[PDB]
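Novice:
Protein chains in written order, with UniProt numbering: chain A, 412 to 615; chain B, 207 to 615.
#1: Would you kindly check if the distance between the Cβ of residue 413 of chain A and the Cβ of residue 463 of chain A is under 8 Å?
#2: Is the CB of residue 601 of chain B under 8 Å away from at least one CB in chain A?
#3: Would a check of beta-carbon distances place residue 523 of chain B closer than 8 Å to chain A?
#4: In terms of residue numbering, what span does the beta strand (DSSP E) encompassing residue 569 of chain A cover?
#5: Where in the stretch 536 to 561 of chain B do unbroken runs of the alpha helix (DSSP H), each at least 4 residues long, occur, reported from the N-terminal end onward?
#6: So residue 617 of chain B and residue 266 of chain B are supposed to be a Cβ contact under 8 Å. How far apart are they, rounded?
#7: Please report how far the alpha carbon of residue 600 of chain B lies from the alpha carbon of residue 235 of chain B, in whole angstroms.
#8: Helix, strand or coil: which one does DSSP assign to residue 603 of chain B?
#9: What residue range is occupied by the uninterrupted beta strand (DSSP E) comprising residue 274 of chain B?
#10: Could you check what DSSP says for residue 406 of chain B in three-state terms: helix, strand or coil?
#11: Report yes if the CB atom of residue 340 of chain B is closer than 8 Å to the CB atom of residue 533 of chain A, and no otherwise.
#12: Determine whether the Cβ of residue 558 of chain B lies closer than 8 Å to any Cβ atom of chain A.
#13: Please name the residues in the stretch 561 to 594 of chain A whose beta-carbon is closer than 9 Å to at least one beta-carbon of chain B, in chain order.
#14: What are the uninterrupted segments assigned as beta strand (DSSP E) that are 3 or more residues long and contained completely in the stretch 468 to 540 of chain A, given in chain order?
#15: Under a Cβ-count criterion, where at least 16 other Cβ atoms within 10 Å of its own Cβ denotes burial, should residue 425 of chain A be classed as buried or exposed?
#16: With a threshold of 8 Å, are at least 3 pairs of Cβ atoms found where one atom belongs to the stretch 534 to 554 of chain A and the other to the stretch 464 to 479 of chain A?
#17: Hey, would you say residue 484 of chain B sits closer than 8 Å to residue 456 of chain B, going by beta carbons?
#18: Examine the Cβ distances between the stretch 437 to 446 of chain B and the stretch 407 to 422 of chain B and report whether three or more of them are shorter than 8 Å.
#19: Would you grab the beta carbon distance between residue 373 of chain B and residue 398 of chain B for me? Rounded to a whole angstrom, and I think it's under 8 Å.
#20: Taking the alpha helix (DSSP H) that residue 446 of chain A belongs to, which residues open and close that run?
#21: Determine the direct distance from the alpha carbon of residue 333 of chain B to that of residue 242 of chain B, and round the result to whole angstroms.
#22: Ordered along the chain, which non-local residues of its own chain (more than five positions away) have a Cβ less than 6 Å from that of residue 406 of chain B?
#23: Among all the DSSP beta bridges, which residues are the ones paired with residue 256 of chain B?
#24: What's the C-alpha gap between residue 566 of chain A and residue 500 of chain A?
#25: Quick one: which chain A residues come within Cβ less than 8 Å of residue 203 of chain B?
#26: Classify residue 502 of chain B: buried if its beta carbon has 16 or more other beta carbons within 10 angstroms, exposed otherwise.
#27: Counting only the same chain and skipping the five closest in sequence on each side, list residues whose C-beta sits under 8 Å from that of residue 564 of chain A.
#28: Measuring alpha carbon to alpha carbon, tell me which residue in A/524, A/538 and A/576 is nearest residue 560 of chain B.
Structure representation (structure tokens):
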């Protein structure tokens with residue numbers, strides 16, 4: 412279950428979340444969420460949101476949860492995926508064997524990530540294996556790691572369905588639209604179609 | 207078998223220096239060190255005896271301290287009358303390392319209050335700090351990358367007898383080939399070896415003369431208290447002899463003697479008498495309570511070998527096992543028997559990518575082959591079985607990176 416907080420478009424990503432002024436507003440996002448779903452045996456992990464970098468407000472909110480609901484772990488990827496605001500290491504798109512060394516927010520090979528000095532948490536990918544168009548190449552490299560490393564416990568493929576819409580030709584013939592097909596500017600074209608299945612729920 | 211090492215006569219004064227330990231402490235940056243020497247005596251104690259300790263830098267004297275016998279109160283009964291600890295301050299010491307084996311000379315003089323010398327002892331000293339912090343084996347503050355090799359004392363004509371020349375040849379070679387460290391497989395070495403590593407610059411691993419491979423299970427003797435006494439002697443006298451060598455940076459409990467309780471006693475002993483170096487043992491699984499380092503032998507880069515009881519996990523896997531925090535340094539890898547060393551690049555590549563993979567020791571330096579003849583007393587390399595010896599493991603005594611004559615494979 413995940414809080415409705417995403418601030419990807421900011422610079423840095425951490426701009427509103429490291430701001431005390433926004434604390435109350437984020438607060439509501441996490442609290443009302445916890446307040447509403449806490450009795451669901453299916454909910455097993457809580458997430459502070461997505462792509463918001465890492466701010467103090469995350470830290471507080473993590474804590475809040477930990478005290479009100481100690482029956483679930485809490486996870487959050489922002490700020491490098493292994494911050495003090497998460498219980499599970501949960502990178503998005505890290506490679507099985509290849510290190511992606513971004514500055515400040517590197518994405519180590521997942522096997523090496525567990526072994527970093529001091530690290531002891533488990534690793535579950537929050538997003539891996541982008542199924543955009545003709546994809547899933549490598550999948551198996553992953554499922555093998557998951558099986559050989561006790562502390563690599565899975566992940567969540569990105570994602571279920573394509574975010575396509577239905578349009579119509581002059582004959583009123585139906586047809587799947589995408590980024591910009593509405594005059595929507597600016598857009599990100601076909602990037603909304605990353606599903607393992609067509610919007611109709613027909614499989615790739 | 208036989209009398210393979212030197213034989214000497216030493217003449218000492220009745221009242222003498224009987225032992226002495228050296229130590230070095232630094233501040234957060236190695237800008238200041240404190241050398242701490244503890245000296246012990248034997249013979250008639252007198253109020254006029256003193257001990258002088260001077261530390262030299264070639265022809266230069268850097269620090270000196272004099273004192274009289276008798277130290278701190280350690281227990282309800284007092285302290286040692288026949289001991290003393292001096293403490294010399296050293297500013298901006300030159301650190302010792304395999305890259306730069308900077309050495310100092312310490313002179314320990316026993317004399318009379320009037321200044322009359324009774325006897326002198328001494329040793330090269332090198333300032334370093336070997337420590338394990340946060341999962342890493344550090345040296346003078348930096349995480350080492352061990353480029354080493356295991357090496358026995360072998361000589362084609364001489365047998366087990368060592369000599370400078372051989373010792374030096376081996377040294378120059380390992381260095382020319384970019385080796386950093388060496389492991390004394392699987393026993394303490396010829397005294398001078400340590401001195402040579404101190405000056406040339408090489409990381410040593412002092413190993414105790416204990417291997418009980420042929421036992422079934424391997425445990426048999428080392429888990430038997432009746433054997434504790436006999437094993438203890440091999441650990442303790444070892445540490446008592448080589449402990450002041452800057453080059454020794456790790457102690458090892460010996461080899462392939464499974465995992466017994468004696469092993470734990472022994473690991474604790476060292477940990478107590480010499481908190482300065484880490485301790486390793488590989489037996490019983492390589493990641494036992496008797497070792498400060500995960501030190502497997504022949505564990506693969508990415509493939510597990512799950513033997514029952516003593517599996518060899520893939521080295522990348524081992525690090526992350528649930529709860530595992532130790533650094534990993536292979537005590538034996540890349541078995542160079544004959545036409546071998548295939549897949550080497552694979553380790554090095556892991557070594558350089560995982561912070562906690564810090565090296566290993568190739569097995570091994572030289573071929574244990576002997577020389578033989580025939581007609582014209584013309585020599586020829588001999589192996590297992592070649593002497594009528596039964597049983598034997600034939601060529602399995604040949605696994606070095608160099609031929610017994612020090613020519614390269």
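We put the CB at the ideal spot given by N, CA and C, even for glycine.
Specialist: Judging by the given coordinates:
#1: no
#2: no
#3: Against chain A, the CB of residue 523 of chain B has a partner CB under 8 Å away; the residue lies at that interface.
#4: Where residue 569 of chain A is concerned, there is no enclosing beta strand (DSSP E), given that its DSSP letter is neither H nor E.
#5: As for any alpha helix (DSSP H) of minimum length 4 sitting wholly inside the stretch 536 to 561 of chain B, the runs are 550 to 559, ordered along the chain.
#6: There is simply no residue 617 of chain B to check, as chain B begins at 207 and stops at 615 in what is shown.
#7: 53 Å
#8: helix
#9: 266 to 274
#10: helix
#11: no
#12: no
#13: 561, 562 and 563
#14: 534 to 539, all fully within the stretch 468 to 540 of chain A.
#15: buried
#16: no
#17: yes
#18: yes
#19: 7 Å
#20: Looking at the DSSP string, the run of the alpha helix (DSSP H) that includes residue 446 of chain A is 434 to 448.
#21: 11 Å
#22: Answer for residue 406 of chain B: 377, listed in chain order.
#23: Beta-bridge pairing links residue 256 of chain B to B/274 and B/317.
#24: 11 Å
#25: Because chain B spans 207 through 615 in this model, residue 203 of chain B falls outside it and cannot be assessed.
#26: buried
#27: Setting aside the 5 residues that flank it on each side, residue 564 of chain A is surrounded in the same chain by 533, 534, 535 and 557, each with a C-beta closer than 8 Å to its C-beta; the list follows chain order.
#28: A/524
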